[PDB]
Amino acid sequence: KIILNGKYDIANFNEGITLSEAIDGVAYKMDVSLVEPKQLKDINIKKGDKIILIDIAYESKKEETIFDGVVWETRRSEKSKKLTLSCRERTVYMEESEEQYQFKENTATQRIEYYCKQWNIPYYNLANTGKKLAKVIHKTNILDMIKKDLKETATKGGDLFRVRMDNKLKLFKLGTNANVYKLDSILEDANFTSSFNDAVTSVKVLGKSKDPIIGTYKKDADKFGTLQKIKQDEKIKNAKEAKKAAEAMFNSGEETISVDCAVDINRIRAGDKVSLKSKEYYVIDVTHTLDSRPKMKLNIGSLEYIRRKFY
Amino acid sequence: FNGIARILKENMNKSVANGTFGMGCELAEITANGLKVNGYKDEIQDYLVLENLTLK
Amino acid sequence: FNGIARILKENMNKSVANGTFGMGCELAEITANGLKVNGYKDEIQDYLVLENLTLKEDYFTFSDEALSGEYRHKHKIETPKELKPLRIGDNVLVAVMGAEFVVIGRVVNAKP
Amino acid sequence: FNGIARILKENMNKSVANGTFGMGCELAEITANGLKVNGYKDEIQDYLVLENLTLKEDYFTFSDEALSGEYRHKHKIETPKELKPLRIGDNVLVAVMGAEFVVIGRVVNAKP
Amino acid sequence: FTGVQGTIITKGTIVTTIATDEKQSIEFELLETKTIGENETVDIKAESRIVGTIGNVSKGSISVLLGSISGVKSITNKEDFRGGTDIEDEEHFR
Amino acid sequence: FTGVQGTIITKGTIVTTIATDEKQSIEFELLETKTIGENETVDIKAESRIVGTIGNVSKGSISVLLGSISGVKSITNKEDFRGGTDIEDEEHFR
Ligand SMILES: [Fe+2]
């Protein structure tokens with residue numbers, strides 16, 4: 001409804017906005033399509049411009065900044081003067097800037113604070129993930145390093161954390177959204193899919209590092225059969241770490257719902273805890289599309305499958 | 001289309017892990033059963049050694 | 001559709017490079033700070049070495065006693081230059097296993 | 001759509017094989033032409049070796065002097081058969097680092 | 001227990017048997033807090049976390065110290081664990 | 001600090017105590033920028049990042065560096081950290 005840019009208000013030009021995020025996505029993504037007459041052409045929107053989308057929030061019905069990022073790419077058509085943007089929050093910067101860091105044994109929160117301090121990234125008070133990580137040397141992107149240590153934190157019994165940018169970097173635990181919205185009331189169509197596609201019933205740990213930690217921790221072998229994996233990570237250097245990694249991998253296969261909603265719940269985001277029918281599910285992916293009729297589509301799943309796949 | 005990307009990324013990790021298996025230096029310990037290499041379920045009963053390790 | 005192929009090929013190179021990292025033998029040099037491996041930003045302050053590299057710089061074994069009384073045949077075995085222990089400035093080969101480095105030994109050029 | 005999957009899988013194998021090439025330890029044999037690494041068409045005429053493999057074939061250290069005058073206790077230390085320097089026909093283990101080969105040492109079968 | 005002298009093994013620490021595909025690990029929990037003594041060893045009583053005769057493992061089966069307490073080298077169970085009664089039999093109850 | 005002379009330790013660096021399975025490491029932030037001296041050591045002031053009595057750790061406990069700095073060999077605290085008042089209790093305030 002309001003698109004601030006730097007100074008102007010280009011909400012008087014946009015054909016539609018689509019706010020999309022994935023649980024493992026690089027960044028909260030806003031793809032706003034505009035018509036580009038002389039008026040919009042004058043201001044000369046370039047890549048790197050700062051877009052802030054403001055719309056009436058679902059919670060309190062007050063205008064709140066639902067998106068605050070930067071224009072990552074502009075594509076302009078000439079025959080039809082339709083300028084199209086693809087906005088990203090500043091976690092896209094972290095996913096592109098490579099750097100090598102050597103880390104001793106420590107927790108994920110300390111590592112994230114170290115990254116932010118090194119690269120001068122503003123950040124709120126980061127939640128203590130608690131889990132203690134093994135010494136590693138990293139080379140991938142900063143977001144890649146953060147995701148790697150968060151995955152290793154999900155292993156060893158730690159809670160599932162996800163990093164979202166907003167104005168200043170936030171360490172967002174998955175099941176900690178304020179409002180557990182119920183989608184059954186506006187359920188245009190749902191697609192309950194169940195499978196054994198990524199089911200894990202057994203896991204045979206073969207430790208590449210010593211405390212000779214080896215074991216098997218089959219959990220539902222009698223019911224679904226011995227759907228076995230082999231976890232052979234150097235980071236597992238402990239018997240309890242092996243047991244917790246095994247326990248953080250068992251699941252009954254893929255179990256998700258491809259939900260389609262006729263009303264756009266504005267504040268939904270990846271990782272949020274949302275209800276369909278009596279059950280509760282975590283948002284694997286959300287794709288708003290703020291056309292003339294607000295609309296939302298969701299892909300949600302159980303905790304076990306999400307932990308198995310994305311962690 | 002995110003499902004295709006996730007499946008393909010899983011295939012990336014699968015293929016890379018399979019290619020890296022059975023390659024590079026690894027730690028091990030000697031046992032009565034034979035060599036016991038870290039990250040291997042079974043002991044290797046037939047293995048080679050450097051000739052400087054065969055000293056009396 | 002060439003853009004998808006190019007992006008996917010970039011992903012191929014990315015994944016292969018990430019998988020190959022922290023694996024295979026690598027060259028290195030010893031410093032006062034610690035081990036300095038080629039292709040690494042930081043020096044490794046904790047590393048392992050082969051036990052044959054830990055020999056004493058001088059007199060690494062008394063090696064026998066052959067007589068006593070009338071004469072006293074007994075000796076000490078000086079370390080040769082090649083088998084001396086590691087010192088600062090030694091070019092060495094290092095085996096990389098994640099975050100655990102093993103120094104195989106020094107390296108020199110090969111005669112014909 | 002199975003054709004796309006098969007082509008892509010062929011690309012997986014291609015990229016992984018290319019990335020794994022020139023990496024990791026490999027067996028080799030010494031020749032008059034130079035080093036001959038298993039799995040390589042051509043012999044490597046320039047290579048590095050560990051310094052412990054450069055020991056003299058005979059009398060690699062004088063190792064002490066213990067007396068002089070009345071008697072003259074002094075000796076030389078013959079190289080054992082195991083620690084002799086490289087010669088043509090020696091099966092060796094080689095560390096491959098791109099276009100830089102390092103010969104770790106000879107290889108023999110392991111006793112029980 | 002076996003390990004560095006002065007190390008404290010606390011109550012609530014968990015030890016397990018080696019897991020195999022045929023039998024899962026049988027967990028045990030320490031009932032006492034003690035320090036490794038002058039012999040670089042210490043004996044501590046423990047109970048099986050799960051009831052039943054499966055907890056009555058044989059000597060030497062409990063070798064895995066589940067946790068991570070630094071300074072502890074190795075463990076072993078000299079005696080076969082005892083007790084571990086199952087449900088009372090139908091005929092005996094009759 | 002302890003390390004090679006000429007190594008530069010900067011303000012804002014975090015040094016922590018030894019974490020365990022039980023305790024989270026207590027974080028301390030350096031307040032100064034200094035170089036290691038001719039004694040291959042240097043004294044740098046610091047504070048506990050978390051305000052409270054937990055920051056008043058004992059001597060010799062702050063021994064872990066967060067972000068590896070080349071040239072630093074080891075670190076330690078000669079004296080127990082002081083201050084670290086917690087919030088006043090409701091009874092004393094009443
Ligand atoms: Fe003599």
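The deposited coordinates derive from cryo-EM, with the record listing a resolution of 3.96 Å.

Chain E is annotated in the PDB entry as Baseplate J family protein from Clostridioides phage phiCD508. The title given for this PDB entry is "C3 reconstruction of extended phiCD508 needle".

Chain B is annotated in the PDB entry as Phage protein from Clostridioides phage phiCD508.

**Q** Please clarify how the overall build of chain B should be interpreted in this entry.
**A** From N to C terminus, chain B includes one helix and three strands. For chain B, the succession of helices and strands along the chain, N to C, is α-β-β-β. Its C-alpha atoms give chain B a radius of gyration of 18 Å, clearly above 10 Å, the size a compact globule of 56 residues would have. Based on the C-alpha atoms only, the size of chain B along its principal axes is roughly 65 × 20 × 15 Å. Residues counted as buried form 21% of the 56 residues belonging to chain B. In the form shown here, chain B has an accessible surface area of approximately 4,000 Å², with 55% of it arising from carbon and sulfur atoms. Computed over 6 positive and 7 negative side-chain charges, the separation of the two mean positions in chain B equals 11 Å.

**Q** Can you walk me through helix 1 (residues 2–20) of chain C in this structure?
**A** Structural remark: α-helix, 3.6 residues per turn; residues separated by three or four positions point the same way. All names here are of chain C. Taking 1.5 Å of rise per residue, 19 residues should cover 27 Å, and helix 1 covers 27 Å from first to last C-alpha, within 8% of that figure. Residues of helix 1 that are buried: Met 12, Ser 15, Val 16 and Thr 20. All buried residues of helix 1 project into a common sector of 125° when viewed along the axis, lining one side. Exposed and facing more than 90 degrees away from the buried side of helix 1 are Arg 6, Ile 7, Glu 10 and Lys 14. After helix 1 finishes, the residue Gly 22 shows a positive phi value of roughly 65°.

**Q** Please explain the interface of chain D and chain C as it appears in this structure.
**A** A common measure of how large an interface is: the accessible area buried when the components associate. Counting residues at the interface gives 31 residues for chain D and 32 residues for chain C. Overall, the association of chain D and chain C removes approximately 2,700 Å² of surface from exposure, summing both partners, and the carbon and sulfur fraction of that is 70%. Where chain D meets chain C, there are one salt bridge. Put simply, the parts of the chain that give the side of chain D that touches chain C at least two residues each are helix 1 (2–20), strand 1 (23–30), strand 3 (48–49), strand 4 (91–97) and strand 5 (100–106) of chain D.

**Q** Looking at this model, I keep getting lost on the side chain of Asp 285 of chain A. Mind explaining?
**A** Mapping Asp 285 of chain A onto the fold places it in strand 20 (residues 279–290). For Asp 285 of chain A, the side chain forms a polar contact with the side chain of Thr 287 of chain A, separated by 3.1 Å. For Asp 285 of chain A, the residues in contact, after removing those within four places along its chain, are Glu 21, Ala 22, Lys 297, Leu 298 and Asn 299 of chain A together with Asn 2 and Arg 6 of chain B.

**Q** Can you walk me through the environment of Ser 63 of chain F in this structure?
**A** Residue and element names in this part refer to chain F. Its place among the elements puts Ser 63 in the loop between strand 6 (46–48) and strand 7 (64–65). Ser 63 gets classed as partly exposed once you look at its relative accessible area, which sits at 28%. Sequence separation between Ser 63 and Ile 26 is 37 residues; the distance between their C-alpha atoms is 11 Å. The contact partners of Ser 63, leaving out residues within four places of it in the chain, are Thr 16, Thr 17, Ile 18 and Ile 75.

**Q** How do you make sense of the pairing of strand 4 (residues 50–56) of chain A when you look at a structure like this?
**A** Look at any regular strand and the pattern is simple: side chains alternate between the two faces of the sheet. All names here are of chain A. When you tally the buried positions in strand 4, you get five out of seven residues, the bulk of the element. Bridge count for strand 1 (residues 2–3) against strand 4 is two bridges, and the pairing is antiparallel. Its bridge partner lying in strand 4, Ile 3 is registered against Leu 53. In terms of strand pairing, strand 4 meets strand 5 (residues 63–76) through seven bridges, oriented antiparallel.

**Q** So what exactly am I meant to see when it comes to the pattern of salt bridges here?
**A** Any two side chains of opposite charge can pair if their charged atoms end up close together. Inspection of every chain in the model, using the stated rule, returns 37 salt bridges over all chains. Residues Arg 6 of chain B and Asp 24 of chain A are paired through a salt bridge, measuring 3.8 Å at the closest nitrogen-oxygen approach. With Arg 6 of chain B in helix 1 (residues 2–20) and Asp 24 of chain A in the loop between strand 2 (14–22) and strand 3 (29–34), this pair bridges two chains. Take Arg 6 of chain B: its relative accessible area is 13%, and that puts it in the buried class. Under the relative-accessibility criterion, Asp 24 of chain A is labelled partly exposed at 29%. Overlapping salt bridges bring together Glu 21, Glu 89, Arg 162 and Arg 269 of chain A as one network.

So, how was this worked out
- Residues numbered from 1 in each chain as written, not as in the entry; some residues may be left out.
- Chains lettered and ligands numbered in written order.
- Part of a larger assembly, values for the part shown.
- Heavy atoms only, no water.
- Residues with missing side-chain atoms left out of burial classes, pairs and counts.
- Helix = DSSP H or I, 4+ residues; strand = E, 2+ residues; numbered from the N terminus.
- Rg over C-alpha atoms; globule rule 2.2 N^0.38 Å.
- Buried < 20%, exposed > 50% of the residue type's maximum accessible area, 1.4 Å probe, protein only.
- Areas by Shrake-Rupley, 256 points an atom, 1.4 Å probe, with all protein chains shown as cover.
- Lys, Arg positive; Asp, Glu negative; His and termini not counted.
- Charge placed at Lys NZ, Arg CZ, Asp CG, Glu CD.
- Expected span 1.5 Å × (residues − 1).
- Arc of directions from axis to C-beta.
- Contact = heavy atoms within 4.5 Å.
- Buried area = accessible area lost by both parts, 1.4 Å probe.
- Salt bridge = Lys/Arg side-chain N within 4 Å of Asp/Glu carboxyl O.
- Polar contact = N/O pair within 3.5 Å; in protein donor to acceptor, adjacent residues only side chain to side chain.
- Pairing = 2+ DSSP bridges.

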